[PDB]
Amino acid sequence: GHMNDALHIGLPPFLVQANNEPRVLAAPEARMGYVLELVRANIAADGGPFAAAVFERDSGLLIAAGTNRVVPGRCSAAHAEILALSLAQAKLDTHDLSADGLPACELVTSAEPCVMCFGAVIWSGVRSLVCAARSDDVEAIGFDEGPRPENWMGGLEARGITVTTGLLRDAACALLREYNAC
Amino acid sequence: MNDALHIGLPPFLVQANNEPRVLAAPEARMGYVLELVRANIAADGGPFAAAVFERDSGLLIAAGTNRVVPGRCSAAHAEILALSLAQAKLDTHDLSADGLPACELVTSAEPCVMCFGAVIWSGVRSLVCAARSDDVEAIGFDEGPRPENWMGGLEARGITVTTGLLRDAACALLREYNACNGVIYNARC
Ligand SMILES: Nc1nc(N)nc(O)n1
Ligand SMILES: [Zn+2]
Ligand SMILES: [Zn+2]
């Protein structure tokens, strides 16, 4: 967390490992499945039951991944979505993931996004959003999605970002319920 | 870097977060926050800055500015930096955890939806704004789809909202960034 010449949030070995080991997950469920492997790695690593990762929309090349590091990280903005997006733009040398020349980018996340991440996804340059758990599922193990605009789906769809949900919802709920059990 | 989320801080901003400072009046706080806007514009950042202060002493805790382009991080808004460096200095994700004083977030402009959310989770009890949502939209920058009545939305969470403070100077710092935003060299910039 704390430094001075920088805002710095360190990552546990699995996340570091996920962001630096090559991986091509073509099918949507292959991406989501790997994202769920990370959620579980995260709990084991003292973090919230959320993970996400930016892949290139068509190939399924993993660019970056992120998990909740809010508590261990002392940073309320360290939602899975934020780190996965920001680490993706680091790796690609741009703040906009849809700058000319770059292959289309997808953020595959374990749960639907909270208001904050909802904004993050918009500015990010990402061209699609694939979720696992619904917002009900999320705000039924204690996590708050916050006041999003009515029709946040349409809001994202209305700027070149296509939304999908429920994908491997059940397996993601298994994961949610286990955390909430403990 | 791919080993940590790392947004680097320009020397002036390291200084801001280095040097102690107590600004009691709201105008005193917003004034410092707008020093940092023009300072940022001169360090390749966007026309936005923010600071976390102790609401009831005016002790500067931490400061932030748009480091989007130079940091290549669409998430690196002033608010996010200000709030995060405040959380890191104070050793907690929750700026309102027991033991810590009430925190205030002083921003040079009304927050976009992302930072609107950031505010809700930050821990801050109060957000003081300079430039109105309209002012920021006028020169291009997008606020994004904030929920209808986000202001009351925040106030309902015990987070107090104040906007338009030093709006004038805020507006002036916004236009001079615009007037020096193009690519053709204007030596006056
Ligand atoms: N409140 C909340 N919601 C989600 N989807 N993810 C996190 O990390 N927090
Ligand atoms: Zn979030
Ligand atoms: Zn913002």
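Its PDB header names X-ray crystallography as the technique used to obtain the model and reports a resolution of 2.7000 Å.

Under the UniProt annotation, "domain: CMP/dCMP-type deaminase" (unreviewed entry) lies at residues 26-144 of chain A. Measuring from the first to the last C-alpha atom of residues 26-144 of chain A gives 32 Å, for a span that is 39% helix and 17% strand.

As a further point, take the packing of helix α4 (residues 78-89) of chain B against helix α5 (residues 113-122) of chain B. All names here are of chain B. Closest axis-to-axis distance for the α4/α5 pair is 9 Å, and the angle between their directions is 20°. Our classification of the angle between α4 and α5 gives roughly parallel. Judged by the twist between their axes, the crossing of α4 over α5 is left-handed. Residues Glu 79, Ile 80, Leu 83 and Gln 87 of α4 form the contact with α5, whose own contacting residues are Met 114, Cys 115, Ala 118, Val 119 and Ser 122. Of the residues belonging to the contact of α4 with α5, the class tally is 6 nonpolar, 2 polar and 1 charged.

On to the UniProt feature "domain: CMP/dCMP-type deaminase" (unreviewed entry) in chain B, then. Feature annotation in UniProt places "domain: CMP/dCMP-type deaminase" (unreviewed entry) on residues 24-142 of chain B, given in this structure's numbering. Its end C-alpha atoms 32 Å apart, residues 24-142 of chain B is made of 40% helix and 21% strand.

Let us look at the coordination of the zinc ion (ligand 3). All names here are of chain B. Only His 77 (ND1), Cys 112 (SG) and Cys 115 (SG) from the protein coordinate the zinc ion (ligand 3), and they sit 1.9 to 2.3 Å from it. Motif for the zinc ion (ligand 3), donor spacing along one chain: H-x34-C-x2-C. A residue pair is termed long-range when its members are at least 10 positions apart, and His 77 in the loop between α3 (68-71) and α4 and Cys 115 in helix α5 qualify at 38 residues. There is no split in this pair, since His 77 and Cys 115 are both buried.

Further remarks concern the interface of chain B and chain A. Each partner contributes to the interface: chain B provides 44 residues, whereas chain A provides 46 residues. Note on chain B versus chain A: buried area summed over both sides is about 3700 Å², and carbon and sulfur give 65% of it. Area buried by chain B at its contact with chain A is led by B:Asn2, B:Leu5 and B:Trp121, which between them contribute 22% of it. Joining chain B to chain A, the criterion identifies 4 salt bridges. When the shortest N-O distance is used, the salt bridge between B:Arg157 and A:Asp144 registers 3.3 Å. For the pair chain B and chain A, the interface holds 7 residue pairs in polar contact.

In this structure the tally under the stated criterion is 1 disulfide over all chains. The disulfide bridge from B:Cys180 ends at B:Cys189, spanning 2.0 Å between sulfur atoms. For the disulfide bridge between B:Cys180 and B:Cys189, the dihedral angle about the S-S bond is near -80°, and by the sign convention the bridge is left-handed. You can call B:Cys180 partly exposed: its relative accessible area is 36%. Classification of B:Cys189 by relative accessible area gives exposed; the value is 57%. Summary of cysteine pairing: A:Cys182 is not part of a disulfide, and the nearest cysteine sulfur, belonging to A:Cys173, is at 16 Å. On the accessibility criterion, A:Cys182 (82% relative accessible area) is exposed.

This part is about the site of ligand 1. Residue and element names in this part refer to chain A. By nearness alone, every residue bordering ligand 1 is listed as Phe 50, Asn 68, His 79, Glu 112, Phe 143, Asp 144 and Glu 145. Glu 112 is positioned such that a nitrogen or oxygen atom in its backbone is 3.0 Å from a nitrogen atom of ligand 1. One of the backbone N or O atoms of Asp 144 is found 2.6 Å from a nitrogen atom in ligand 1. Burial of ligand 1 by the protein chains amounts to 96% of its free accessible area of 260 Å². Among the residues making up the shell around ligand 1, the classes are represented as 2 nonpolar, 2 polar and 3 charged.

Cut-offs and rules
Residues numbered from 1 in each chain as written, not as in the entry; some residues may be left out. Chains lettered and ligands numbered in written order. Heavy atoms only, no water. UniProt positions renumbered as here; feature names shortened; annotations may be inferred. Helix = DSSP H or I, 4+ residues; strand = E, 2+ residues; numbered from the N terminus. Axes fitted to C-alpha atoms, helices over the stretch in contact; angles between N-to-C directions. Parallel < 35°, antiparallel > 145°, perpendicular 65-115°, else oblique. Left-handed = near helix turned anticlockwise from the far one by under 90°. Contact = heavy atoms within 4.5 Å. Nonpolar A, V, L, I, M, F, W, Y, C, P; charged D, E, K, R; others polar. Donors = N, O, S within 2.8 Å, 3.2 Å for Na, K, Ca; no water. Buried < 20%, exposed > 50% of the residue type's maximum accessible area, 1.4 Å probe, protein only. Buried area = accessible area lost by both parts, 1.4 Å probe. Salt bridge = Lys/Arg side-chain N within 4 Å of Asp/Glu carboxyl O. Polar contact = N/O pair within 3.5 Å; in protein donor to acceptor, adjacent residues only side chain to side chain. Disulfide = S-S within 2.5 Å. Near = heavy atom within 4 Å. Areas by Shrake-Rupley, 256 points an atom, 1.4 Å probe, with all protein chains shown as cover.

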